Ligand SMILES: *[C@@H]1O[C@H](CO)[C@@H](O[C@@H]2O[C@H](CO)[C@@H](O[C@@H]3O[C@H](CO)[C@@H](O)[C@H](O)[C@@H]3O)[C@H](O)[C@H]2NC(C)=O)[C@H](O)[C@H]1NC(C)=O
Ligand SMILES: *[C@@H]1O[C@H](CO)[C@@H](O[C@@H]2O[C@H](CO)[C@@H](O[C@@H]3O[C@H](CO)[C@@H](O)[C@H](O)[C@@H]3O)[C@H](O)[C@H]2NC(C)=O)[C@H](O)[C@H]1NC(C)=O
Ligand SMILES: *[C@@H]1O[C@H](CO)[C@@H](O[C@@H]2O[C@H](CO)[C@@H](O[C@@H]3O[C@H](CO)[C@@H](O)[C@H](O)[C@@H]3O)[C@H](O)[C@H]2NC(C)=O)[C@H](O)[C@H]1NC(C)=O
Ligand SMILES: *[C@@H]1O[C@H](CO)[C@@H](O)[C@H](O)[C@H]1NC(C)=O
Ligand SMILES: *[C@@H]1O[C@H](CO)[C@@H](O)[C@H](O)[C@H]1NC(C)=O
Ligand SMILES: *[C@@H]1O[C@H](CO)[C@@H](O)[C@H](O)[C@H]1NC(C)=O
Ligand SMILES: *[C@@H]1O[C@H](CO)[C@@H](O)[C@H](O)[C@H]1NC(C)=O
């Protein structure tokens, strides 16, 4: 039919018809036989995939004839017409090299039974002329010849060792000279571990963390920073465990990776949700988003899922990786400039990334493809440490000549040679995923001077090293406009409302942190003496009436606070939403994806303003369709009209040669023009409509290690096996599962199931057998929890919060009035005998929520005469 | 690979390559040149077949080569 049909059935190309990647039933005669007729799928003409010329291969005991035969070496020049071209006789090479007139070669001509050939001395590459030998640049061409640095020599190479590395007498090897002995540092799900390099000693640096996926040390101060994604905090601690604190706790929707700078004394971390790389001092005083949007200057590569970081202060470049649709390993200068891509080919899931400071080689690991590669810092010559046999590596660090990587599927730490991946040794296996890894050693952070030097190089807030490891650029916090003065910079204090500005202008804290019982500003202007007593708890907005409302509800186009300052004109004037939150006319904030989502999500309905959606300028990396909705570029030219209108599917271009599935990962489905990835194949889901992904799962194989095969021919990671979840529908994963051993901070139920140690007497019977909730009076409790009189544990934060989390309500009745005025309820709420601050609307509201909050207010509302009482 | 008299396995390409590839130099040792073409030596019953070193013989079908490597004796196929 026509192009307006916008639908196609199963073509089922059989003999002559051959549906290409764009599903075009072109003739079978077009297979490179002078016929590039199918420009649509482009499969009819292939530059090298269709040009093979595979004649030359034949057994070495056979001399290939010029006619194409493979006359035997014994039959070579056997005085018999063995071939049509008679290459055996026609070709009888006699002392061609001995003849000086012909076969003149550079180093060493080697004769044969037919014609001649030549060989070059070691370190000299033979030229295409087959007579000229050219010296090999072993330092760049084959960097694995030398450990650490190298110098090119004519016909050979000289290896050296960086300072601190003692060169071994054997040569081409280096050995450390530091006083300290290096030991691996990696983070489990709840534990920071301490493992020696040889794997002889195992330890536990710190436990009791929700979910740690990243860590990085600081040689200067002997600190150890990490990220708790579940808790959304960036915390640091001394190696001796003397002090622990939360550096950053605000605006961390998801922090995949972290990299501590040990030169400019800065902290960098990637944010997957906000899609940007941030910078802050080791105390988190000043924050600034350094990079955002796309990185290729063409919008092909953009921050989608950045989960790797590696600092090289010697050149001031911070390499990072992204496992989105368009995987890239691009780098940025530490000052936030020179944003550029490095490696963008043969890459699906670059989870891990590191920089070998010894020889300046950028190492990265791919999860789906399963390889580990190293290249120059400009990403020119890619060499594979491993072919891809690794099931699913996540983190990678290099020390001396050994590369240490942590693999999720095998749930273990493995090490090998940094160049050829030899001596692959499994150090220790962990019950949980191994996550980020590092090698703690003074050499891992080489000493290099700070261009800032002092006073942040005379910068007001931030001093970031310029690219190339020379000079610095002044910066400003996120809430400051960076003006470039004459030979200097000025940070405009321009800040939105609902955000206090310190008198010293050090930072722009939120308004609800002004006079919050804490001197948030270093000056302390926020906690002015002349300020009303704030009865509301920290992290809450206090209205003039004294009621407490959530800061998220501030200026939410709804008069939540009775006093009215919630929607006050001055407080909502110049209100700015989050970076990913698209502001509406009524100042209500909605996610940027909802800007023209075709849904009246915002009360003012500005999210469906035709005028603004027609004139909607969209961030790079997302495709704009007719409706004005901006789906991601990966959602453009897909079989599914994600935008709804077929404008998101330029079927002319979608069937054209522009959209061809990547050979490495993107698997083309024959019936449509879909380009689902390789790991999307046989995922048990109809990822592409024709179900071609799920057709060959019986023929499809699994990874030899770190993969479990189910009865449905489903390959799943070995870690997912016996996880208590049916990863494969046939329950083969959970068919036979001996209970696993519980870790240090895991309590073992009588059901032989491991639960977090914090959940004993959780007051929610998390374990099925309810064995966790026993002996609570004899259990004391954890240091960070308050114990109810009944004996159960509760968060110390939830104490005296107006919420009786304890059943006996002891968590609230053991504290005085929330304010010295003489009452417990700040927002005119109802306080029962248990001192629970039942909301004023919730006062005498249907069921008796409070333990002793039974109300005789039948006059206001008799219990029997209640709508809530659906069932007598 | 052509097995050397010393026990090596000098390559066929290296056979008679004018190089001392083996201790016995079997490659350069008595390079087989038209030994079958010479009627004085390599006299075989049916068909002498030359090689890069010395010679050998082949018999017509139905005739088994004798231990002498020069006499072909009819096979008793029955
Ligand atoms: C992680 O584990 C490693 C290995 O246990 C720890 O490094 C070790 O630290 C101890 C205590 O400082 C060192 O003992 C020292 O021995 C020397 C003599 O060899 C002695 O002069 C010192 O006074 C001290 O007793 C041990 O040698 C050292 N080993 C290594 C591998 O360097 C590391 O401190 C642990 N880190 C954390 C944060 O848990
Ligand atoms: C655990 O290890 C860390 C890192 O080595 C220790 O932090 C640093 O410890 C040193 C020695 O106590 C501190 O030096 C002292 O500084 C004060 C001034 O702040 C000075 O008056 C003292 O004479 C001495 O020079 C250093 O300040 C401290 N870190 C920083 C940068 O503040 C930590 O103390 C160790 N904890 C223990 C006791 O295991
Ligand atoms: C900003 O980043 C870009 C991209 O990384 C830098 O450009 C790069 O500069 C290096 C050093 O000159 C180049 O390496 C050289 O490449 C050539 C082959 O092109 C090779 O023969 C040399 O031995 C060396 O490896 C690299 O190719 C080049 N890359 C690109 C894409 O331009 C730039 O220098 C950085 N500095 C700035 C301008 O901020
Ligand atoms: C190459 O030729 C030189 C000069 O004749 C000689 O010294 C050297 O041993 C030869 N090497 C090889 C590989 O034959
Ligand atoms: C990059 O940008 C150019 C225009 O400057 C465009 O023609 C091209 O298609 C874009 N994609 C590539 C090849 O990176
Ligand atoms: C680690 O691997 C070894 C060798 O397969 C095995 O004996 C040991 O039980 C494993 N440990 C864990 C915790 O799975
Ligand atoms: C063997 O020798 C006979 C007699 O000269 C000749 O007719 C025949 O063609 C030869 N066959 C071979 C395989 O040389």
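Following Swiss-Prot, chain B shows residues 3079-3156, kept in their order.
Keep in mind that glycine also has a Cβ here, set from the backbone N, Cα and C atoms.
Annotated features in Swiss-Prot:
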DISULFID  B:3082-B:3100  disulfide bond
DISULFID  B:3094-B:3109  disulfide bond
DOMAIN    B:3110-3151  domain 'EGF-like 3'
DISULFID  B:3114-B:3126  disulfide bond
DISULFID  B:3122-B:3135  disulfide bond
CARBOHYD  B:3125  N-linked glycosylation site
DISULFID  B:3137-B:3150  disulfide bond
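Mapped onto this structure are the features recorded in Swiss-Prot.
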residue : record         : DSSP (3 states)
B:3082  : disulfide bond : coil
B:3094  : disulfide bond : coil
B:3100  : disulfide bond : coil
B:3109  : disulfide bond : strand
B:3114  : disulfide bond : coil
B:3122  : disulfide bond : coil
B:3135  : disulfide bond : strand
B:3150  : disulfide bond : strand
Fill in the CA-CA distance, residue B:3150 (disulfide bond) to residue B:3135 (disulfide bond), as an integer in Å.
10
Sort the recorded positions B:3100, B:3114, B:3125 by C-alpha distance from residue B:3135 (disulfide bond) and give me just the closest.
B:3125
Which one is it: of the recorded positions B:3100, B:3125, B:3126, B:3137, whose Cα lies the shortest distance from the Cα of residue B:3109 (disulfide bond)?
B:3100
Please name the residue among the disulfide-bonded residues B:3094, B:3100, B:3114, B:3126, B:3135 whose C-beta has the most neighbouring C-beta atoms within 10 angstroms.
B:3094
Listed disulfide-bonded residues B:3082, B:3094, B:3100, filtered to Cα within 10 Å of residue B:3122 (disulfide bond):
none
Name the one residue among B:3082, B:3094, B:3100, B:3114, B:3137 whose Cα is closest in three-dimensional space to that of the residue listed as 'N-linked glycosylation site'; these are the disulfide-bonded residues.
B:3137
Inside 10 Å of the Cβ of residue B:3125 (N-linked glycosylation site), count up the other Cβ atoms and send me the figure.
11
Roughly how many angstrom lie between the C-alpha atoms of residue B:3094 (disulfide bond) and residue B:3082 (disulfide bond)?
12
Give me the CA-CA distance between residue B:3137 (disulfide bond) and residue B:3126 (disulfide bond), in Å, as a whole number.
8
List the Cα distance (Å, whole number) between residue B:3126 (disulfide bond) and residue B:3082 (disulfide bond).
22
List of residues, in chain order, with Cβ under 8 A from that of residue B:3082 (disulfide bond) and at least 6 apart:
B:3088, B:3099, B:3100, B:3101, B:3102, B:3104, B:3105
Just the recorded positions from B:3125, B:3135, B:3150 whose C-beta lies under 6 Å from any atom of ligand 7, please, or none if there are none.
B:3125
